[PDB]
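**Q** My questions will all concern the structure given below.
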Amino acid sequence: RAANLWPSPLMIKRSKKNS
Amino acid sequence: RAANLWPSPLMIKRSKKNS
Amino acid sequence: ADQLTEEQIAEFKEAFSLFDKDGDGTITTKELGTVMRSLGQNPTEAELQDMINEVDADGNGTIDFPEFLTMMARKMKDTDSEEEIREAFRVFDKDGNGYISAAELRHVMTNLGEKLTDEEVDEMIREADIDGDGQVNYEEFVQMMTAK
Ligand SMILES: [Ca+2]
Ligand SMILES: [Ca+2]
Ligand SMILES: [Ca+2]
Ligand SMILES: [Ca+2]
């Protein structure tokens, strides 16, 4: 299920935005 | 788009109301 | 702000009858495609679909009378609450309609590393959509990962 992929781009965004 | 298309049949509608 | 005279807009309500053709008070892709087929012969299947998405400014997925006036008056959209998630949303939205349809993830997930199959694109949003309305709004987007 791509569901885990849902949080991936959003988490990566949060990480990138936090960096 | 919609705003151009919508008035088109709408114009025909006017003609239909006039008919 | 301001208001609209329903009595004067009654002439426009004729579009919810004559334009509608079926007479249900709701413009959908079926009847629209019918009218555009006899009085158009140009808009394709994907065209009438995008066209309807060019009318629905509320994102309820249904042509309603209140938005009818908006479409034929002021085509402007604000944005100022989705700050960080906006940076993600502009990429997640793709088409620019707020809600996630499916084709959008078909780009961000395929560019996530692996390849996103159209068969999993439905299963993924069905897991995303907490309400079960069939759409992904900013509300459930933040109230899923960011909100523990
Ligand atoms: Ca109808
Ligand atoms: Ca609508
Ligand atoms: Ca979208
Ligand atoms: Ca939802």
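Chains as they are written, first to last, in PDB author numbering: chain C, 287 to 305; chain B, 287 to 305; chain A, 1 to 148. Just so it is clear, CB atoms sit at the ideal spot from N, CA and C, and this is done for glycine as well.
Per DSSP, which residues does A:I100 bridge with? Please list them.
**A** A:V136
**Q** Look at the alpha carbon of A:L116 and the alpha carbon of A:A147, and state the distance between them as a whole number of angstroms.
**A** So the two alpha carbons sit approximately 26 Å from each other.
**Q** Report the three-state DSSP secondary structure of B:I298 (helix, strand or coil).
**A** Look at B:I298 here: in three-state DSSP terms it is helix.
**Q** Do you know how far the Cα of A:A88 is from the Cα of C:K299?
**A** Taking the CA atoms as reference points, C:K299 sits about 6 Å from A:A88.
**Q** Let me know if residue 185 of chain A comes out buried or exposed under the rule of 16 or more other beta-carbons within 10 Å of its beta-carbon.
**A** Chain A is shown from 1 up to 148; residue 185 of chain A falls before or after that span and cannot be answered.
**Q** Taking only beta-carbon positions, decide if A:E54 is within less than 8 Å of chain B.
**A** yes
**Q** Just the chain B side, please: which residues come within less than 8 Å of A:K75 by C-beta, in chain order?
**A** At a beta-carbon threshold of 8 Å, the residues of chain B lying near A:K75 are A289, ordered along the chain.
**Q** Please list, in chain order, the chain A residues whose beta carbon lies closer than 8 Å to that of C:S301.
**A** The premise fails here: C:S301 is roughly 11 Å from chain A at the closest Cβ pair, so nothing lies under 8 Å.
**Q** At a Cβ threshold of 8 Å, is A:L39 touching chain B?
**A** At least one C-beta of chain B is nearer than 8 Å to the C-beta of A:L39.
**Q** Under a criterion of Cβ closer than 6 Å to any non-hydrogen atom of ligand 3, which residues qualify, in chain order?
**A** Here the list is A:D93, A:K94, A:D95, A:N97, A:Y99, A:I100, A:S101, A:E104.
**Q** What do you get for A:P66, buried or exposed, if any count of 16 or more other CB atoms within 10 angstroms of its CB means buried?
**A** exposed
**Q** Go through the region 23-90 of chain A residue by residue and report every complete run of the alpha helix (DSSP H) that reaches 4 residues or more, in order.
**A** 29-38, 45-53, 65-71
**Q** For the region 76-83 of chain A against the region 28-48 of chain A, are there 3 or more C-beta pairs whose distance is under 8 Å?
**A** no
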